[PDB]
Structures are given as structure tokens and as C-alpha cells.
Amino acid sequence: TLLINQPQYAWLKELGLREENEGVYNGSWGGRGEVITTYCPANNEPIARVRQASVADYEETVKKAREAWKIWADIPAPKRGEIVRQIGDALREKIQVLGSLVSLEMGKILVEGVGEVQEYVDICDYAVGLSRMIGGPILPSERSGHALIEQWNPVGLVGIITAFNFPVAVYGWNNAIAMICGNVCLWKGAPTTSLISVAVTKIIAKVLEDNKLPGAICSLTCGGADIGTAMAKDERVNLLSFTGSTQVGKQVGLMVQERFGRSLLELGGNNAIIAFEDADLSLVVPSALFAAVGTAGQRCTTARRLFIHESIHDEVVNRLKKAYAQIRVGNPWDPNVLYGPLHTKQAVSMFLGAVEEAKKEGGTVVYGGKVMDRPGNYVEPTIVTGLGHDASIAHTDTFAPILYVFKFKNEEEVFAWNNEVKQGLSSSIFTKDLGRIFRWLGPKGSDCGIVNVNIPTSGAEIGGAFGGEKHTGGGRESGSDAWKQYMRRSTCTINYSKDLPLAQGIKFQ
């Protein structure tokens, strides 16, 4: 009855998964907490089982990771980068099968599952180069015979809590960067993507073990909220990177601040696309489509609000309705399928509640709005017109494929409306106007951390820093100098002289 026992899914054994898998890894595999069974959202059938972490499992792992850190921090950064290079190779090798497991356990379509693993391969290549570059400037002291250098050192143990919707990539960004920065990692994933977490940890463990490194360098404790809270409250967790809901993120931030730890919060988005009158509609429509219905609307970067200039509102909406009706729905691993199930049955419930709440706040469902009559967690991608831009349901961020469409007239008001929500992740404008574009990029433009022009709100590349402002939580991951969040800066002055000139010329005599 488990999918891993059925012959058409034997490929799961290529990831080393079996009927019951250990969900704790700290150099040894184990798990004394509750055995969880994860299910395929496309057909509600059980896949395999994972033994989750008890509290003793959590305690032992943290201790072994900190002991592993003593060895790992002594390994030169470029040699750490060589370990991350080998991880990138292992991922490359299994990108198709790991991508298939993402489609199977998470439910996003095969090209997105593969593409998500590509994000991990990309940031590995990136981190490999970064491991020969991380550091600070040597600066010219104002004092003779003094050297002034900025040093960066690992923070220690980096906890990583990831969400259901990107069960490989978010961990991969945090892992590759933290590792070359000399940190050890502790991973707690979404319980409903535990097989993916195990499969990824199996890949990493083999690399560590082949290199005669302690496996606790990349530790895994599968578990629910109790384990996540433990990490948020654990003084031995120097940096807690949390990707999840804003509500839970806020509490993670508070718990970390109470103990004077470090947090990196990557929280919800309420991302807007803005199509001005001069927009290239052949870019607008397919961009709104990918941003709205990509991943069945389940990215933190999904387009949730579409603002269209009055002159083109009807046409864009009609053109978008026709494109929705061509979306090919099916099993997320099937060829030509563009749209899969929602991840959980509760996500279907939430979708239903949001649709009905949108009607109660005066919206009109112009497309979709219904559960699909078929096995699995399938819902229709939905477009809602007629709501005020400040409608309560629109300012709520729901992980459901519902696109709230609004009219506007002037640039100034629509910038204000992009900015008026609590979230602050991604944003896009479609326009040809050179001046408007740079105003969008400037201090009176978009208040988000991702500020795009003529592309979807989703689909970032890894070379830039990824994250948001406001209620999205302020953390950054991946590229640019996001690596600095995973290290502690020291400002270092060395008197190599036989004198003691004081800063600012102070004569203390």
C-alpha cells in the first residue's frame, strides 16, 4: 500500500529511501520520536515513513554538531568549499530523481522540482568560489605602527527551519553558504516533506563520510513545532534561519532576541504585479500566469495582487482568463502538466475559506473558485475582481492560487498600494517608461527586497541576495554578501610598534 513498495515508484530507492527511514542524522542515523507517514498530494496515497526526532535525539544532535564544529572551523575555507563542490556534484548526479521526489512528496510539477534542485546546484557552484573570497578589508589605521583588519569567523551552529513549499532550495541556500563560512548546520524541515529532507541529508552525509568528516557538520532532526521551538530557544544555536509563516516567524524572532541569539527570518509575501498602460501585454499575461499559478500558487513569491491600469484592465483580465483555461492539470510528474495539487488537504480548506471570504468582502470570482472533482488536493486557479485594494482578504497572505485584481490610474497611488501591506518580499512593474522604472527602483518606489521590472515576482536567480522587508522579516539568503549573516565580524587593531598613540590624538598624560 505504500508507494515506495509499488513497482512504478521503485525509483525512490535510488535516493536510498525505504519503507521506514531514519529522520535524525548527526553522523549516526536514528530517530526516537513519532513515526510519521508522508503522503502524495496528487493522490492522497502514503509514500514512505520517517522516524522523527525525540527530545533526546535533539539534545544529542546539538552536542555532536558543536563538537563537529571544532574540527570543521579549523578546515580552511577553500577546502570547505571543496566539500560543497562535492555536494554540488552529488546533487547534479541525482537531480532528476530528487526532482521527482519533490514532485511526488511536495506536489509541484517536475520542471519546478528539478529546477528547485538546480537552485541548490547553482548556489553550490557559487559557494565554491566564495570560499576563496570571504573576508574583510585591511584598512589604513590613523595610527602609525598599527594595522586595522576586518576579520570574519563562523558563528558556530546554524539552525535551519524550512517550509513545505521549497523543501530543497531553501536548505540548499543556507547549507552551502553556512558550510563555506565554517559553520555546522542543523536542519528541521517541514514534516510533510520529511522524505525529501532525508533524501537530501543522505546525499550530504555520504559526502561528509567519504571525506572522513564528522557527519554532524550537516545534521538533521525531522520534527514538528516542538523541535523548531527548541531551536529558537536554544542558546547553542548561534544563528537560526527560519523560513515559514509570518505568525510563527515573529515568535521565532522574539525567542531568539530573548536569548541574544541571531535570527534570519524569511517570511510571507503579498506580492504585487503592476501593469501600466504602456506595458508589453505579451509579457504581462504569461508573467502573471507563471507568477500566479506556478507551484499552484504556493510560493512566498507568488503574485497575489495584480494592479492593472484602467485602460487595459478588462483586456488583461480577459486575456488572463483565456490563459487559465488552457492550463494543463494532472499528476505533477506527468509530461506537459503545468498545474498540480495543493500540498495538503488543509491548504484546500484554506483556499475554500479565502474564496468565500473574498465573496463576502464584495469580490467576484471571474475564474475558478472551486475544489476540483478528482483525487488529491486539487483546486482551480482563481481570479477575483472588484475588491478594494485594502480589502481584508487581499491584505491577508494565503498559500492558495487566488489572484486579486485591481484597477488603478496613477503611478503614485499604485506605488503606495504595492507598499501598503505588511509583507515586503517581491514586486514587479510592467512598463516601458524609463523614468518610471528608476523611480520604482528608488526611495519612493517599491519597499520590497525583490523589485522586478517586466518579469514575474517569482523566479529569482541565486546571484543576488534573496529576502524581504517589513513582516517578511528582513533576512537575506544566497548571493551578494548574504554570507555575512552567517559569520561574526571583528574589527581588529594590532599595534606592532613600541609606541601607544591613541585614537583621535588623545594625549592621556
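Sequential numbering from 1, following the sequence displayed.
**Student:** Can you tell me whether 331 to 339 has a higher mean C-alpha B factor than 431 to 439 in this record, or the other way round?
**Tutor:** Between 431 to 439 and 331 to 339, it is 331 to 339 that shows the higher mean C-alpha B-factor.
**Student:** On mean C-alpha B-factor from the PDB entry, just flag whether 77 to 85 or 367 to 375 is the higher one.
**Tutor:** According to the PDB entry, the answer is 367 to 375.
**Student:** According to the Cα B-factor stored in this entry, which of the following is highest: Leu265, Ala400, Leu186, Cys300?
**Tutor:** Answer for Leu265, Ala400, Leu186, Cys300: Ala400, with the highest C-alpha B-factor.
**Student:** So among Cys448, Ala482, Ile462, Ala42, who wins on Cα B-factor in the entry?
**Tutor:** If I rank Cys448, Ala482, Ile462, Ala42 by C-alpha B-factor, first place goes to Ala42.
**Student:** Considering every modelled residue of the chain and its Cα B-factor in the PDB entry, is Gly388 in the lowest, middle or highest third?
**Tutor:** Highest third - that is where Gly388 ends up once the chain's C-alpha B-factors are sorted.
**Student:** Ordered by C-alpha B-factor within the chain, which third holds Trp417? Give me lowest, middle or highest, please.
**Tutor:** It falls in the bottom third of the chain.
**Student:** Which third of the chain holds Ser490 when residues are ordered by C-alpha B factor: lowest, middle or highest?
**Tutor:** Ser490: CA B-factor falls in the lowest third of its chain.
**Student:** So where's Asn454 on the chain's Cα temperature factor ranking, which third?
**Tutor:** Its C-alpha B-factor belongs to the lowest third of this chain's values.
**Student:** By the record's CA B-factor, is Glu209 among the lowest, middle or highest third of residues in the chain?
**Tutor:** CA B-factor rank for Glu209: middle third.
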